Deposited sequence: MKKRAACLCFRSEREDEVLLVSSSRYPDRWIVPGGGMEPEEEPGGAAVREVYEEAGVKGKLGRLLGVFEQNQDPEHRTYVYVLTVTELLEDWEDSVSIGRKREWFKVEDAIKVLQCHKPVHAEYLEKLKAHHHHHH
(Lines of atoms letter the chains of each structure in order from A and count residues from 1; the text may use other names and numbers.)
(Lines give C-alpha, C1' and ligand atoms only; values in the text may rest on other atoms or scores of the structure.)
Protein backbone atom coordinates (compact mmCIF):
# COMPACT_ATOMS: atom_id res chain seq x y z
CA UNK A 1 0.00 0.00 0.00
CA UNK A 2 1.05 3.58 -0.71
CA UNK A 3 0.70 5.37 2.62
CA UNK A 4 -0.53 8.92 3.13
CA UNK A 5 -1.28 11.23 6.05
CA UNK A 6 -3.92 13.95 6.24
CA UNK A 7 -4.71 16.40 8.98
CA UNK A 8 -7.82 18.21 10.14
CA UNK A 9 -6.46 21.46 11.57
CA UNK A 10 -8.84 23.22 13.96
CA UNK A 11 -8.92 26.81 15.12
CA UNK A 12 -9.76 25.67 18.66
CA UNK A 13 -10.84 22.74 20.84
CA UNK A 14 -14.44 23.35 19.70
CA UNK A 15 -13.47 21.63 16.43
CA UNK A 16 -16.07 23.79 14.60
CA UNK A 17 -13.68 25.40 12.11
CA UNK A 18 -11.22 23.51 9.92
CA UNK A 19 -8.40 24.80 7.71
CA UNK A 20 -8.51 23.73 4.06
CA UNK A 21 -5.85 24.44 1.44
CA UNK A 22 -6.03 24.81 -2.33
CA UNK A 23 -5.25 21.86 -4.56
CA UNK A 24 -1.93 22.02 -6.41
CA UNK A 25 -3.52 20.49 -9.52
CA UNK A 26 -6.81 22.39 -9.31
CA UNK A 27 -5.84 25.77 -7.83
CA UNK A 28 -9.42 26.99 -7.25
CA UNK A 29 -10.51 23.82 -5.42
CA UNK A 30 -10.18 23.05 -1.70
CA UNK A 31 -8.73 19.95 -0.04
CA UNK A 32 -7.70 18.69 3.39
CA UNK A 33 -3.94 19.13 3.72
CA UNK A 34 -1.83 15.98 3.75
CA UNK A 35 0.62 14.09 1.57
CA UNK A 36 2.62 10.96 0.89
CA UNK A 37 4.62 9.37 3.68
CA UNK A 38 8.31 8.51 3.39
CA UNK A 39 9.52 4.94 4.02
CA UNK A 40 8.76 3.80 7.57
CA UNK A 41 7.69 7.34 8.47
CA UNK A 42 5.34 7.72 11.44
CA UNK A 43 2.03 9.08 10.06
CA UNK A 44 1.84 11.56 12.93
CA UNK A 45 5.17 13.14 12.11
CA UNK A 46 4.17 13.26 8.45
CA UNK A 47 0.90 15.05 9.27
CA UNK A 48 2.75 17.71 11.25
CA UNK A 49 5.29 18.25 8.47
CA UNK A 50 2.62 18.42 5.77
CA UNK A 51 0.46 21.09 7.43
CA UNK A 52 3.60 23.09 8.08
CA UNK A 53 4.62 22.92 4.42
CA UNK A 54 1.18 23.20 2.79
CA UNK A 55 -0.64 25.52 5.18
CA UNK A 56 2.07 27.23 7.22
CA UNK A 57 0.58 25.62 10.31
CA UNK A 58 2.16 24.98 13.69
CA UNK A 59 0.09 23.35 16.41
CA UNK A 60 -0.59 20.53 18.83
CA UNK A 61 -1.14 17.15 17.17
CA UNK A 62 -4.20 15.36 18.52
CA UNK A 63 -5.87 12.00 18.05
CA UNK A 64 -5.80 9.66 15.08
CA UNK A 65 -9.33 10.10 13.74
CA UNK A 66 -9.03 6.95 11.67
CA UNK A 67 -7.34 5.07 8.84
CA UNK A 68 -9.17 5.36 5.52
CA UNK A 69 -8.87 3.06 2.50
CA UNK A 70 -4.30 4.37 -1.10
CA UNK A 71 -4.17 4.20 2.71
CA UNK A 72 -4.54 7.44 4.66
CA UNK A 73 -3.94 8.13 8.36
CA UNK A 74 -6.09 11.10 9.32
CA UNK A 75 -5.11 13.08 12.42
CA UNK A 76 -6.61 16.11 14.10
CA UNK A 77 -4.49 19.08 15.20
CA UNK A 78 -5.14 22.28 17.15
CA UNK A 79 -3.55 25.25 15.41
CA UNK A 80 -1.38 27.44 17.65
CA UNK A 81 0.28 29.53 14.93
CA UNK A 82 -0.26 30.45 11.28
CA UNK A 83 2.89 31.60 9.48
CA UNK A 84 2.48 34.62 7.19
CA UNK A 85 4.58 33.19 4.39
CA UNK A 86 5.08 29.48 4.09
CA UNK A 87 6.73 26.99 1.79
CA UNK A 88 3.78 26.24 -0.51
CA UNK A 89 2.45 29.81 -0.51
CA UNK A 90 5.85 30.93 -1.78
CA UNK A 91 6.45 28.03 -4.15
CA UNK A 92 3.04 27.52 -5.81
CA UNK A 93 0.72 30.14 -4.38
CA UNK A 94 -1.18 27.57 -2.33
CA UNK A 95 -3.97 29.18 -0.32
CA UNK A 96 -5.45 28.31 3.07
CA UNK A 97 -8.85 29.20 4.51
CA UNK A 98 -10.97 28.53 7.58
CA UNK A 99 -14.28 26.74 6.95
CA UNK A 100 -17.04 25.77 9.33
CA UNK A 101 -17.09 21.97 9.26
CA UNK A 102 -20.40 21.82 7.32
CA UNK A 103 -19.20 24.37 4.78
CA UNK A 104 -15.99 22.38 4.42
CA UNK A 105 -18.03 19.28 3.69
CA UNK A 106 -19.94 21.22 1.04
CA UNK A 107 -16.87 22.41 -0.89
CA UNK A 108 -15.22 18.99 -0.65
CA UNK A 109 -18.22 16.88 -1.68
CA UNK A 110 -18.07 17.53 -5.44
CA UNK A 111 -14.44 16.72 -6.30
CA UNK A 112 -12.89 15.40 -3.07
CA UNK A 113 -15.68 13.19 -1.67
CA UNK A 114 -13.13 11.12 0.26
CA UNK A 115 -11.96 14.22 2.12
CA UNK A 116 -15.60 15.07 2.90
CA UNK A 117 -15.80 11.56 4.33
CA UNK A 118 -13.12 12.47 6.90
CA UNK A 119 -15.32 15.29 8.20
CA UNK A 120 -18.45 13.13 8.15
CA UNK A 121 -16.59 10.70 10.42
CA UNK A 122 -15.46 13.60 12.59
CA UNK A 123 -19.12 14.63 12.95
CA UNK A 124 -20.24 11.12 13.83
CA UNK A 125 -17.51 10.89 16.47
CA UNK A 126 -18.38 14.36 17.83
CA UNK A 127 -21.95 13.22 18.36
CA UNK A 128 -20.63 10.59 20.77
CA UNK A 129 -18.04 12.92 22.37
CA UNK A 130 -15.00 10.99 21.13
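When the deposited sequence is numbered from 1, the one segment without any C-alpha atom is 70-75.
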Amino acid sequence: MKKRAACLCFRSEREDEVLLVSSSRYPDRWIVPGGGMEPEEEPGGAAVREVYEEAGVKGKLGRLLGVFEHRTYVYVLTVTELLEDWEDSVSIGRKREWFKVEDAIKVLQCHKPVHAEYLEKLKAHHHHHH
From here on, numbers count along this sequence of modelled residues.
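Of the two segments, 58-66 and 82-90, the one listed with the higher mean B-factor is 82-90 (C-alpha atoms only). Higher mean CA B-factor, judged across 40-48 and 24-32 from the recorded values: 40-48.
Annotation for residue 11: CA B-factor lies in the middle third of the chain's modelled residues. Sort the modelled residues of the chain by CA B factor and residue 107 lands in the middle third.
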